[PDB]
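Tertiary structure, described
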Amino acid sequence: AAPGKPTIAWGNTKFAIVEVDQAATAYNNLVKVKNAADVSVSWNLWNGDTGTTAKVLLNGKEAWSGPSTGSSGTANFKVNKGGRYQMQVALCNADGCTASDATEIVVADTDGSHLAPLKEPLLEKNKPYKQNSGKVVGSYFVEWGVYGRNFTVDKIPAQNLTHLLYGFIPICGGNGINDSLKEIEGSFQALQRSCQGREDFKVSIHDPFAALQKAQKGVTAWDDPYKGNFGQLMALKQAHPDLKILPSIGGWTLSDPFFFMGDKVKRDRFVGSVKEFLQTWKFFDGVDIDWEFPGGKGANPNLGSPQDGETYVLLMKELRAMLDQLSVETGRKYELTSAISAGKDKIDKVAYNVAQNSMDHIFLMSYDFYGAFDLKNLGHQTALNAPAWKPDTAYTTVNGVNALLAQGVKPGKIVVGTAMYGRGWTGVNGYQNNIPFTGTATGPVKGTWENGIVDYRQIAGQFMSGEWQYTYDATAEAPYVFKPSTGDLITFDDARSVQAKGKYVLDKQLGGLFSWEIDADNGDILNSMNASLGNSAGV
Ligand SMILES: CC(=O)N[C@@H]1[C@@H](O)[C@H](O[C@@H]2O[C@H](CO)[C@@H](O)[C@H](O)[C@H]2NC(C)=O)[C@@H](CO)O[C@H]1O
């Protein structure tokens, strides 16, 4: 007679190919990449002959075999592909095999293959669009927005994007290497702890709790190996396999290490660590380089060199060569992008006409033209054109685009930026002919989260009523709200100015639109980005 039917023992059924150490703060100890997950199964036979060979089947296919030597047994084996498997134990003898009932096991991998898709409803005023225009529609999600801003990955209107950028992946380094971090409370120290035992100029994760361990929708079970932003982004990938999810390296306070990369020893180490990062976190589709800025004038007044333009071009070439190698190793397409200043003085420090051949998209940061960092010279922070009262205005979207085009940049490489936030001053005074920008300011506007900056959501909800004037400058293509009693002035993007930007992209055959930052929108801005680029409504 064939053996009796085995009973699978109660036990852990969740295993991981990339293991996360739950009691570690250093990136080196936090994640362990393996070739395969170590899986274990046990069984009991309560009735009959135990057979002579015991087998573990995954979807009917043997993953382990051994002699059946007792009424209880244990099998330890490796599984090298993520997913969910119907696991059975079978006991075989010459008269037949008898298989247990199936027990599902989970083999986790960083592509999210073990995760149910994160298909969440659109919130606030977001409306569904199809990504059928062929244009880029991108936005940055910020790692730290899961705290005070309470904006998690399940709130991303993901179907309305082609590109989702994750700000920011840091570059390891202490004194002299990340000094700009020291201006943010605890930020420098958090990176040093993450980078303990890790060489300078390798990438890491700045807030491993937010990125990997904070409970979030769809990743709340204690033995879910990936939680936080990364876990949710994995599940988001499962729901939207065509979404490009790019890690962004740099930003305003994490850009200092780029300035040392004229040393090819450091550059090589950085490029190698980006490759390892992408082999580790398989849901990511490439890399975004947010170096602010080649040549200086970033957060750090002690950094910036005329060599930076050559360093940038070399970095883009070597990153592309690494990504090409990754691409043919995996059969995937990987993208290389960069967020760049839109000011002509900064643009002409770099030969983008050369670098463009390595790059899929240039995210032109056509915003922060004006703000509370300058209380004397006011203007539209993100306008398309110069205003009528100052047609020679240096800092406009068109002037940044024109600088790139004059270098020889192909128009299709250029993605125009929109702002999901306003910048603002207080105490504006001494202006002429009812144009508050011709005056001067006494300080920053009170901000949503920091001085001088207001979420678009708060502008729409709070500063579009009462005493606030509203004006759409049709020459600049830029709205602004003004409270005369206090001199509060805010410059921002709205649905109409975004529409002008989208129409401009289509007319000049540019690459699309991207935005900073996705948590601050109520839907109006992203809706207009999709509509103005010719994306069809619907799902
Ligand atoms: C366009 C331009 O050159 N103007 C400068 C601003 O860009 C710059 O502000 C900084 O802009 C970066 C994007 O270009 C932002 O990412 C960065 O957060 C921002 N920094 C601050 C402090 O807001 C300011 C520097 O303050 O100078 C303008 O000249």
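Each chain has its residues counted from 1 in the order its sequence is written, and this count may differ from the entry's own numbering; any residue lacking coordinates is left out. As a rule here, side-chain values come from all non-hydrogen atoms in the structure, and water together with hydrogens is ignored.

As recorded in the entry header, the structure was determined using X-ray crystallography to a resolution of 2.20 Å.

The name given to the protein in the PDB entry is Chitinase A, with Serratia marcescens as the source organism. As recorded in the PDB, this entry has the title "SmChiA with diacetyl chitobiose". UniProt positions are given in the numbering used here, feature names are shortened, and annotations may be inferred rather than shown by experiment. Its UniProt record, at the heading Catalytic activity (unreviewed entry), says of the protein: "Random endo-hydrolysis of N-acetyl-beta-D-glucosaminide (1->4)-beta-linkages in chitin and chitodextrins." Quoted verbatim from the Sequence similarities (unreviewed entry) heading of the UniProt record, the comment on the protein is "Belongs to the glycosyl hydrolase 18 family. Chitinase class II subfamily."

Strands are runs of DSSP state E lasting at least 2 residues, helices are runs of H or I lasting at least 4, and numbering of each runs from the N terminus. When helices and strands are tallied, the protein shows 12 helices and 25 strands. Dimensions along the principal axes, computed over C-alpha positions, put the protein at roughly 100 × 50 × 40 Å. Each residue is placed in one exposure class: buried if its accessible area under a 1.4 Å probe, protein chains only, is under 20% of its type's maximum, exposed if it is over 50%, and partly exposed if it falls in between. Looking at the 539 residues of the protein, the share that counts as buried comes to 56%. Residue exposure ignores everything except the shown protein chains as possible cover, and the areas themselves are Shrake-Rupley values with a 1.4 Å probe. Summing over all exposed atoms, the protein offers an accessible surface of approximately 21,800 Å²; the carbon and sulfur share of this is 50%. In the protein, 51 side chains carry a positive charge and 56 a negative one; their mean positions are 3 Å apart. In this tally, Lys and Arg are treated as positive and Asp and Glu as negative; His is ignored, and so are the chain termini. By convention, the point assigned to a charge is CZ for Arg, NZ for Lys, CD for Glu and CG for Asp.

As a further point, take the pairing of strand 15 (residues 286–290). With five of its five residues buried, strand 15 lies for the most part within the structure. Every second residue of strand 15 is oriented toward a common face, with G286, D288 and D290 on one face and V287 and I289 on the other, all of them buried. Pairing between strand 14 (residues 244–250) and strand 15: three bridges, direction parallel. Looking at strand 15, one finds that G250 is bridged to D290. We call two strands paired when DSSP finds no fewer than two bridges between them.

Nearness here has a simple test: a residue counts as near a molecule or strand if at least one of its heavy atoms is within 4 Å of that partner. As a structural note, the neighbourhood of the ligand is formed by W252, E292, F293, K346, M365, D368, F369, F373, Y395 and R423. Definition of a polar contact: a pair of N or O atoms within 3.5 Å, with one able to donate and the other able to accept a hydrogen when the atoms are protein atoms, and with sequence-neighbouring residues admitted only if both atoms are side-chain atoms. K346 is positioned such that a nitrogen or oxygen atom in its side chain is 2.8 Å from an oxygen atom of the ligand.

A word on the layout of surface pockets. Put plainly, a pocket is an open set of points on a 1 Å grid over the protein atoms alone with protein on both sides within 12 Å along at least five of seven lines, a cavity is a set where a 1.4 Å probe fits but cannot get out, and a lining residue has an atom within 4 Å of a point. Grid points are joined across faces, edges and corners, and a volume is the space filled by probe spheres set on the points. Roughly 420 Å³ of volume is contained in the second largest pocket. In terms of lining, the second largest pocket is formed by 26 residues, of which the most central are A158, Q159, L161, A239 and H240. Of the residues contributing to the lining of the second largest pocket, the split by class is 15 nonpolar, five polar and six charged. Side-chain classes are defined by residue name, with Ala, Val, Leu, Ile, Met, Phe, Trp, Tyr, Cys and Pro counting as nonpolar, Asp, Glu, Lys and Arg as charged, and the others, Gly among them, as polar.

Moving on, we get to the sheet that holds strand 15. One closed barrel accounts for eight strands, arranged 12-13-14-15-16-17-18-25; its pairing is parallel. Across the sheet, the axes of successive neighbouring strands diverge by a mean angle of 25°, strand direction being ignored. By the convention used here, residues are in contact when the closest approach between their heavy atoms is within 4.5 Å. With axes taken as lines fitted to C-alpha atoms, and helix axes fitted only over the stretch in contact, angles between N-to-C directions fall between 0 and 180 degrees. Along the sheet face, helix 5 (residues 264–280) touches strand 13 (163–169), strand 14 and strand 15 and points at about 150° away from the line of strand 14.

The split into domains, and so the bounds of each, comes from an automatic or database assignment of domains. Domain annotation for the protein reports domain 1 (7–108) and domain 2 (136–420 + 495–532). Facing the 16 residues of domain 1 at the interface are 20 residues of domain 2. Computed with a 1.4 Å rolling probe, the buried area is the accessible surface lost when two parts are put together, summed over both parts. Of all residues in domain 1, the largest losses of buried area upon contact with domain 2 belong to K14, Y27 and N28, amounting jointly to 39% of the total for that side. One side-chain nitrogen of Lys or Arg within 4 Å of one carboxyl oxygen of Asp or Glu is enough to make a salt bridge. Here domain 1 is connected to domain 2 by two salt bridges. In this structure, the salt-bridge partner of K14 is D224, at a minimum N-O distance of 2.6 Å. Our count for the contact surface shared by domain 1 and domain 2 stands at seven residue pairs in polar contact. Those elements giving two or more residues to the side of domain 1 that touches domain 2 turn out to be strand 2 (14–16), strand 3 (18–20), helix 1 (27–30) and strand 4 (31–33).

What the three strands build is an open sheet, ordered 1-5-8; its pairing is antiparallel. Where the open sheet ends on each side, the last strands, each with one partner, are strand 1 (7–8) and strand 8 (72–79). As paired elements, strand 5 (residues 37–44) and strand 8 share eight bridges and run antiparallel to each other. Bridge pairing in strand 8 links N44 to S72.

Next up on the list: the nonpolar core. If you look at the biggest cluster of nonpolar residues, it comprises 113 residues, and the most contacted ones within it are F230, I249, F270, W281, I289 and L319. At eight residues, the largest contribution of residues to this core is made by helix 6 (residues 308–330). Residues from two domains meet in this core; each of domain 1 (7–108) and domain 2 (136–420 + 495–532) gives at least three. Beyond its immediate stretch of four places on either side in the chain, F230 contacts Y166, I169, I205, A211, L212, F277, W281, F283 and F284. Each nonpolar core is a collection of buried residues, namely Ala, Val, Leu, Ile, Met, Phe, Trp, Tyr and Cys, held together in the definition by side-chain atoms within 4.5 Å. Grouped together as the second largest cluster of nonpolar side chains are 23 residues, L254, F293, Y367 and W516 included.

Right, let's talk about the packing of aromatic side chains for a bit. Each aromatic ring pair is described using two quantities: the centre-to-centre distance and the angle formed by the ring planes. Only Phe, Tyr and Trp rings are paired, with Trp represented by its six-membered ring, and only when their centres lie within 6.5 Å; those with planes under 30 degrees apart are stacked, over 60 edge-to-face, the remainder tilted. Under the definition given, this model contains 33 aromatic pairs. Where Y166 meets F284, the ring centres are 6.4 Å apart and the plane angle is 55°; that geometry is what we call tilted. Separated by 118 residues along the polypeptide, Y166 in strand 13 and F284 in the loop between helix 5 and strand 15 bring together distant segments of the chain. Exposure class is identical for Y166 and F284. Each is buried. Pairing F230 with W281 gives two aromatic rings, centres 5.1 Å apart and planes at 80°, and the pair type is edge-to-face.

What follows deals with empty space enclosed by the protein. Applying the stated rule across the entire model yields two cavities of 30 Å³ or more. The space that makes up the largest cavity amounts to roughly 60 Å³. Taken together, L123, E124, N126, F151, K155, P157, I518 and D521 form the lining of the largest cavity. Residues of the lining of the largest cavity, tallied by class, amount to four nonpolar, one polar and three charged. The volume enclosed by the second largest cavity comes to roughly 40 Å³. Around the second largest cavity, the lining residues are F293, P294, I340, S341, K346, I347 and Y352. Of all the secondary structure elements, the ones that give two or more residues to the lining of the second largest cavity are strand 16 (335–341) and helix 7 (344–347). The residue inventory of the lining of the second largest cavity, partitioned by class, reads five nonpolar, one polar and one charged.

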